[PDB]
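Each chain is listed here by its residues.
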There are 2 protein chains.
Amino acid sequence: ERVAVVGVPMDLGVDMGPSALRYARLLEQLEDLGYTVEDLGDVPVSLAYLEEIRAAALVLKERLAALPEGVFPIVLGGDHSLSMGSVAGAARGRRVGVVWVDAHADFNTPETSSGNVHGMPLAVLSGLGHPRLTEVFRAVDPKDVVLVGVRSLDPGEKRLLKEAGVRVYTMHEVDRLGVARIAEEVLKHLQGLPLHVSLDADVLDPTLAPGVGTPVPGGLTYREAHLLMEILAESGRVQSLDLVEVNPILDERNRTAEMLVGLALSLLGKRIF
Amino acid sequence: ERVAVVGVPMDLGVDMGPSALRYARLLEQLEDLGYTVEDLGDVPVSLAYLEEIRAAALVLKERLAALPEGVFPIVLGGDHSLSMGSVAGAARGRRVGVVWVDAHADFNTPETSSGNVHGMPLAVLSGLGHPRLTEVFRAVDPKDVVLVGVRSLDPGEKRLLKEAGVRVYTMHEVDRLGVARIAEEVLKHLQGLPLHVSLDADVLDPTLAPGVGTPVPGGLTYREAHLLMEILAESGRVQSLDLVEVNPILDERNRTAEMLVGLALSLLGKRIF
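Residues numbered from 1 in each chain as written, not as in the entry; some residues may be left out. Chains lettered and ligands numbered in written order. Heavy atoms only, no water. Residues with missing side-chain atoms left out of burial classes, pairs and counts.

- As summarised from the PDB record, the model derives from X-ray crystallography at a stated resolution of 2.91 Å.

Written out as structure tokens, the structure reads:
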């Protein structure tokens, strides 16, 4: 019933992410929902650009671990790379589950590929990749993870993901089983553990979330997204949230940002009836 | 040849405008134009807010005057209040003409209203207003100010502007005389003096420049704006520029920032032929 919001304006225009989520009144609407909300502010941010990231992602994680116990954390960000720092840090050292809701698997290693770290955080978190990264950010067992909304993978990704054994719910599976059910399966699969959900904006259809780094046709519908957040929220097991890859520079009327603040409220309890 | 860019993320969500302007690739395009450019960064910012505004507009004023003689300053802003600081700083104790291109005349005193200070900058600069501000920002004689593109005026303002004797070219005059003639006319009214151009994105038709603080229908056309900049450019006396009131949160795929970076380039020498 207490909630902390910390921003990681990282872009190594997604760095404006944290600012749009705030202008979308994320905070005021959570209090409206009943929570007491403290804004911690922004974590300062000084292959391509590795150390800077691991550094800022370090500062992040330390901050989450400090945080009194029982406080729900909401990380507003740019790069999905922050996830490395957050998921680790919000775990508080516990064995937690990760519902990674992205259009991508964000699962490469430097071996599989671009060269950009933000396509590498889920893997590192599973312990696969450059050591300067895995050694300070490993925080979950591959078996403890579930991708949802995925509709675009690199060949090295398919392999690592298969070899590793990560439950992957691509948009084919969404179209096929419906989100209602996929939602249920995610909870069985990760039954018993606290859940840290990471929401990548590129998961909703571009037709709806235009402001994003890498649009990818045929994504979750507006309604669809809320169902997932609601079903999930119901479990009462959700403990932390990642709201990322929100690019105002590409958005319209700042609506991609509004969509997340809305899905955040669905995940933290808000119900129609 | 030397050009300095400085940001003022001040919203007292126009505080996001400076990133918007930078991401619209302002520096780079200026370099392509042939200028060696430096990013001084952002001036820290944190009735309503007189002291916090005065403090930042003072850090800005002071920072601009300390610039080496010859370096051309461009102030990237949110609020139009930053101009009390930059038109004073950018002038360096010299008599300069001010070409104010906003849909408003930002010429109110507390007596005539809204309450907000960002509708008073040109008044303060012209010496009318709170003493706490005029006392450090008054930097222009009303007879040396020219408003272009105006189409919104509070009663007190119209009166203050008449008493003051400020040359006003509202959209009605624009429609009657054309930008070319109004430009010959601005240049002549301010003949001999160095010129500082302040640009409120709201002066561009909302249809074209959606992301601005207060849209006011019936504004300049992308061609008229450019023409204007181009004529003021040929004069050889522009010496400083404010690019203000750009709000990405209300914009669309960042075309407002792109629309101004384009006008800056026009004021700074760029041409078709």
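Having put the structure on the table, let's press on.
**Some words on empty space enclosed by the protein**
Residues and elements named next belong to chain B.
Okay, so step 1: Considering only enclosed or pocket space, the second largest cavity measures out at about 40 Å³ in volume.
Okay, so step 2: Along the walls of the second largest cavity sit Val148, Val174, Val179, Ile182, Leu220 and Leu228, which together make up its complete lining.
Okay, so step 3: With 3 residues, the top contributor of residues to the lining of the second largest cavity is helix α8 (residues 171-189).
Okay, so step 4: For the lining of the second largest cavity, a count of residues per class yields 6 nonpolar, no polar and no charged. (1 Å grid on protein atoms, 1.4 Å probe; cavity = no way out; pocket = protein on both sides within 12 Å on 5 of 7 lines; lining within 4 Å. Points joined across faces, edges and corners; volume = space filled by probe spheres on them. Helix = DSSP H or I, 4+ residues; strand = E, 2+ residues; numbered from the N terminus. Nonpolar A, V, L, I, M, F, W, Y, C, P; charged D, E, K, R; others polar.)

**Let's talk about the pairing of strand β7 (residues 195-200) of chain B**
Residues and elements named next belong to chain B.
Okay, so step 1: Counting buried positions over the 6 residues of β7 gives 6, a clear majority of the element.
Okay, so step 2: The alternating pattern of β7 places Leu195, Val197 and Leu199 on one face and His196, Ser198 and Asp200 on the opposite face, and all of these are buried.
Okay, so step 3: As judged from the 5 bridges shared by strand β4 (residues 97-101) and β7, these two strands associate in the parallel manner. Pairing of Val99 across the sheet is with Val197, part of β7.
Okay, so step 4: Looking at chain direction, β7 and strand β8 (residues 238-244) are connected through 6 bridges and run parallel. By the bridge assignment, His196 is partnered in β8 with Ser240.
Okay, so step 5: Following the chain from β7 across helix α9 (residues 222-234) to the adjacent parallel β8, one finds a crossover that is right-handed. (Buried < 20%, exposed > 50% of the residue type's maximum accessible area, 1.4 Å probe, protein only. Pairing = 2+ DSSP bridges. Right-handed = clockwise from strand over helix to strand, strands pointing away.)

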